[PDB]
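Asker: Quick one, structure for this:
(3 chains)
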Amino acid sequence: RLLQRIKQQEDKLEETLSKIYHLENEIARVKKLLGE
Amino acid sequence: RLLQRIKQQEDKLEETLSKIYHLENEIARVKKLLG
Amino acid sequence: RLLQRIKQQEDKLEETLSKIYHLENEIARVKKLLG
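Answerer: Numbering: from 1, shown residues only, chains lettered A, B, ... in the order given. Take a look at the structure below.
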């Protein structure tokens, strides 16, 4: 159970980071938009 | 507890994803506003 | 493995949460700097 759960958590965290990267990029463009 | 630590991490991750979901909505709204 | 992998995941998630925090702050500044 634990080995699989951990592998799943590692996969989920990587996909979670991907999401954050995208948002950080969204935030960057929005700020570029606003002029800063 | 390797067992409790993992359930802890799982719960944490779920809440983190809930936070991200909300932020996705916020930035999308801000983006629509800016045009 | 397992113990060294849960620790690494816990650190990773803490770093991620920090990113989320800064994100929330950035979106709170960008937005309602127009409202």
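
Asker: Give me the buried stretch members for stretch A:5-15, please.
Answerer: The neighbour-count check on stretch A:5-15 (16 or more other C-beta atoms under 10 Å in any protein chain shown) flags A:5-6, A:9-10, A:12-13 as buried. The C-beta positions use only the backbone N, C-alpha and C, and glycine is treated the same way.

Asker: Kindly apply the preceding question to stretch A:17-27 instead.
Answerer: In stretch A:17-27, counting by 16+ other C-beta under 10 Å, buried: A:17, A:19-20, A:23, A:26-27.

Asker: Make a markdown table out of these and add secondary structure and distance to residue A:1.
Answerer: Shown next, in a markdown table, are these (DSSP: H, G, I helix; E, B strand; the rest coil; distance: C-beta to C-beta, whole Å):
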| residue | secondary structure | distance to residue A:1 |
| --- | --- | --- |
| A:17 | helix | 25 |
| A:19 | helix | 27 |
| A:20 | helix | 28 |
| A:23 | helix | 32 |
| A:26 | helix | 37 |
| A:27 | helix | 38 |
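
Asker: Can you narrow the residues you listed down to the ones near chain B?
Answerer: A:19-20, A:23, A:26-27 (C-beta under 8 Å from any C-beta of the partner chain).

Asker: Spell out which parts of chain A neighbour chain C.
Answerer: For chain A, the residues in contact with chain C (C-beta under 8 Å from any C-beta) are A:2-3, A:6, A:9-10, A:13, A:16-17, A:20, A:23-24, A:27, A:30-31, A:34.

Asker: mind redoing it with 10 Å?
Answerer: Contacts of chain A with chain C, taken as C-beta under 10 Å from any C-beta of the partner chain, map to A:2-3, A:5-7, A:9-10, A:12-14, A:16-17, A:19-21, A:23-24, A:26-28, A:30-31, A:33-34, A:36.

Asker: quick one: the helices in chain A?
Answerer: Ranges of helices in chain A, per DSSP state H, are A:2-34.

Asker: Up against chain B, what does it have?
Answerer: So far as C-beta under 10 Å from any C-beta goes, chain A lies against chain B at A:1-2, A:5-6, A:8-10, A:12-13, A:15-17, A:19-20, A:22-24, A:26-27, A:29-30, A:33-34.
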